[PDB]
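Asker: The amino acid sequence is not available; the structure is as follows:
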C-alpha cells in the first residue's frame, strides 16, 4: 500500500486542525 493504516483519521485530523486554524480556536 502507498497509504499507511492511518489515513482517513489523519485526513480528519487535518480537516479539524485546518478548521481550527481557519476559525480561531473555539
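Answerer: Sure thing, it's come through. Numbers count the residues shown, from 1 in each chain.

Asker: name the element the residue nearest the centre of the chain belongs to?
Answerer: Note on the chain: the residue nearest the mean C-alpha position is residue 14, at 1.7 Å, using C-alpha atoms, centre = their mean. Per DSSP states H and E, residue 14 falls inside helix 8-23.

Asker: Only the buried residues of that helix, if you could.
Answerer: Across helix 8-23, burial judged by 16 or more other C-beta atoms under 10 Å covers no residue at all. The way it works is simple: take the backbone N, C-alpha and C, and place the C-beta from them, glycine included.

Asker: any idea how far that helix is from the chain center?
Answerer: In this view, helix 8-23 has its centroid 3 Å away from the chain centroid, taken as C-alpha atoms, centre = their mean, to the nearest Å.

Asker: just use 43 as the starting number from now, easier for me
Answerer: Sure, I'll start numbering at 43, so the last one becomes helix 50-65.

Asker: still on that earlier bit, tell me how far the residue nearest to the centre of the chain lies from residue 62.
Answerer: Separation of residue 56 from residue 62 (C-beta to C-beta, to the nearest Å) stands at 11 Å.

Asker: Likewise for residue 50?
Answerer: With distances defined as C-beta to C-beta, the gap from residue 50 to residue 62 amounts to 18 Å.

Asker: Next: residue 52.
Answerer: Counting by C-beta to C-beta, the gap from residue 52 to residue 62 is 15 Å.

Asker: quick revisit: check which helices and strands the helix holding residue 56 is in contact with.
Answerer: Applying 3 or more C-beta pairs under 8 Å, 6 or more residues apart in numbering; DSSP states H and E, we find helix 50-65 packed against no helix or strand.

Asker: and residue 45, backbone torsions?
Answerer: The phi/psi pair for residue 45 (degrees, to the nearest 10) reads phi -100, psi 140.

Asker: count of neighbours near it?
Answerer: By the criterion of other C-beta atoms under 10 Å, residue 45 has 8 neighbours.

Asker: Against residue 61, how distant is residue 68?
Answerer: With C-beta to C-beta as the criterion, residue 68 and residue 61 are 11 Å apart.
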